[PDB]
Amino acid sequence: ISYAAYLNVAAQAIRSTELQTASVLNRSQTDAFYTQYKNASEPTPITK
Amino acid sequence: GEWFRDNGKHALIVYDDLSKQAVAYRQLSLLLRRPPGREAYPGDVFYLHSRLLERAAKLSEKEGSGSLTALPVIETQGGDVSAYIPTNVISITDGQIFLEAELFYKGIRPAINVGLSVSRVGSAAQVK
Amino acid sequence: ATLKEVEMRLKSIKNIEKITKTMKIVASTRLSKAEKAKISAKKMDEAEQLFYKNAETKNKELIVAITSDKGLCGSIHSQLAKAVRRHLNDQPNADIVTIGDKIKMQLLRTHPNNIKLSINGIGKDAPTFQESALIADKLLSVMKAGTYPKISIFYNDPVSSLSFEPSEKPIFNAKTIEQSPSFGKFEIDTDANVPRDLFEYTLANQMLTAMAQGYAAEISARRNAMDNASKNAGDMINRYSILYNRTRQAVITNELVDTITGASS
């Protein structure tokens, strides 16, 4: 776990019923996916 | 063509093209003063073609299995298949090969539109 | 040509036009949200970045390209990829990480072997620290980011709402932070790796800063894009409606002629 990640956990525990607005929830949710690339083809897609 | 069909042989006939035949038939009628129908054609301009293309057939065994196969050609204007005489003949034949200029120039030749083209006889008359 | 043809083409555009204009107000709306993300990340950009100026920090290279997954936004991905390409001559042996598919597509047509990681499904909501930090976590792990002597972030800088500016900025690793000229201007506790943390924090942060500006730049481009789409879509509608009316009138006349010819005899 990287220092940024470490800080996310703390930051998103500082989140995880009101004061918990829309953009607050939607900072605790990421739609992102990573896909590794080589030679290009890939190493099959996975959630972040 | 029917001589071949009637006598146990096979003939293919190509009517190139029936668009022009109908135009002639209209001329006859108009000058004979037979009161015209849609787009000035005779009221029975469909029957003109329908009786013609019904003559292409595969005959029974008792009739020597001979056959006449028709490839009539029709001309559209500006891709209007919905035009009057196009609509008639489409409802007469057993399927259509549809050619498109847009395909001709994309390099696709014969310019056959697969989406629109059918042969209703299907895989009954295709080599296994 | 035929009324039935002209009826559908006119009605098709009548929708595209209402579409693009709905996406032009959806953009304008999302723009108030945009400056609350730009300004709030350009201020965190003075403060975070200022340490490095004073400490005078300077420096196989790792390129991180940033746009998005979504089109209909002018030349956002086109000219950013052009800035990365221009830079890529001066060092063709770079390793590329792509944030956004549209930019991945661009650089995959030109430098497919250089691309080692692609981050997906981005352009939707505004960029958050979580995406920022979890991408960063992937770079450190999968790309082994900490080992490159050079890391670069390419992103679009929104000068205004009318045009943007493809930009670049560096991310310094632990080694480089430590060894900087004025690093001993600060009473840093020599103990538990601070350069390590300061690097991995700045890796997430300046990525977010970049995304947050690229975002803003895109929303303001997509708006201007939709604005002309709607302008042209609407201008076409006028020419087609005019054509319609001719063709409508022509259909009435021609049916009327057949009927008159028919009765004539």
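The table below gives the values:
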{"item": "Residue match in the stretch A:20-27 (condition: facing chain C (nearest Cβ under 7 Å) and within 25 Å of C:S141 (Cα to Cα))", "result": "yes"}
{"item": "Residues (of a type in the set (A, V, I, L, M), farther than 26 Å from C:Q206 by Cβ and surrounded by 11 or more Cβ atoms within 10 Å (Cβ to Cβ)) located in chain A", "result": "A:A40"}
{"item": "Residue in the stretch B:82-107 that is surrounded by the most Cβ atoms within 10 Å (Cβ to Cβ), counting only those that are among the aliphatic types (A, V, I, L, M) and under 9 Å from the mean Cα position of the chain (by Cα)", "result": "B:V89"}
{"item": "Residues that are surrounded by 13 or more Cβ atoms within 10 Å (Cβ to Cβ) and either under 12 Å from C:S241 (Cβ atoms) or outside the structural domain of C:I242 (by CATH) (or both), drawn from the stretch C:1-16", "result": "C:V6, C:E7, C:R9, C:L10, C:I13, C:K14"}
{"item": "Any hit, the stretch C:230-242, residues being away from every other protein chain (no Cβ under 12 Å), part of a helix (DSSP H, G or I) and within 22 Å of the chain's Cα centre (by Cα)", "result": "yes"}
{"item": "Of all residues making up the stretch B:1-43, the number that are under 21 Å from B:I85 (Cα atoms) and part of a helix (DSSP H, G or I)", "result": "17"}
{"item": "Every residue from the stretch C:166-195 that is more than 16 Å from C:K53 (Cα to Cα) and surrounded by 17 or more Cβ atoms within 10 Å (Cβ to Cβ)", "result": "C:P166, C:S167"}
{"item": "Counted residues, the stretch C:96-127 - those being within 7 Å of another protein chain (Cβ to nearest Cβ), in contact with a helix residue (DSSP H, G or I) (Cβ under 8 Å, 6 or more places away or on another chain) and farther than 17 Å from C:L80 by Cα", "result": "2"}
{"item": "Complete set of residues in the stretch B:58-87 that are farther than 30 Å from C:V6 by Cβ, assigned to a loop (DSSP other than H, G, I, E, B) and in contact with a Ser or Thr (Cβ under 7 Å, 6 or more places away or on another chain)", "result": "B:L59"}
{"item": "Unique residue being in contact with a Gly (Cβ under 6 Å, 6 or more places away or on another chain) and aromatic (F, W, Y) when the list is C:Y201, C:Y148, C:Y215, C:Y155", "result": "C:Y155"}
{"item": "Residue within the stretch C:249-260 that is surrounded by fewer than 23 Cβ atoms within 10 Å (Cβ to Cβ) and under 20 Å from C:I103 (Cα atoms) present", "result": "no"}
{"item": "Contacts under 7 angstrom Cβ, first residue in the stretch C:251-265 being under 13 Å from B:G37 (Cβ atoms), partner among the basic types (K, R), 6 or more apart", "result": "C:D258/B:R38; C:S265/B:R33"}
{"item": "Residues that are surrounded by fewer than 13 Cβ atoms within 10 Å (Cβ to Cβ) and either within 14 Å of chain C (Cβ to nearest Cβ) or under 17 Å from C:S264 (Cα atoms) (or both), drawn from the stretch B:28-57", "result": "B:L31, B:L32, B:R33"}
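Residues are listed down the side, and each one gets a yes or a no for (1) farther than 20 Å from C:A212 by Cβ; (2) more than 7 Å from chain C (Cβ to nearest Cβ):
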{"site": "A:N8", "(1), (2)": "no, no"}
{"site": "A:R15", "(1), (2)": "no, yes"}
{"site": "A:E18", "(1), (2)": "yes, yes"}
{"site": "A:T30", "(1), (2)": "no, no"}
{"site": "A:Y37", "(1), (2)": "yes, no"}
{"site": "A:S41", "(1), (2)": "yes, yes"}
{"site": "A:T44", "(1), (2)": "yes, yes"}
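Condition check ((1) assigned to a helix (DSSP H, G or I); (2) aromatic (F, W, Y); (3) within 26 Å of C:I99 (Cα to Cα)) across all residues:
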| site | (1), (2), (3) |
| --- | --- |
| C:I13 | yes, no, no |
| C:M23 | yes, no, yes |
| C:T29 | yes, no, yes |
| C:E46 | yes, no, yes |
| C:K53 | yes, no, no |
| C:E56 | no, no, no |
| C:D69 | no, no, yes |
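Cβ coordinates were reconstructed from backbone atoms using ideal geometry, including for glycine residues, and neighbour counts include every protein chain displayed. What is reported rests on the model, the rules as stated and the sources as named; no laboratory instrument gave them.
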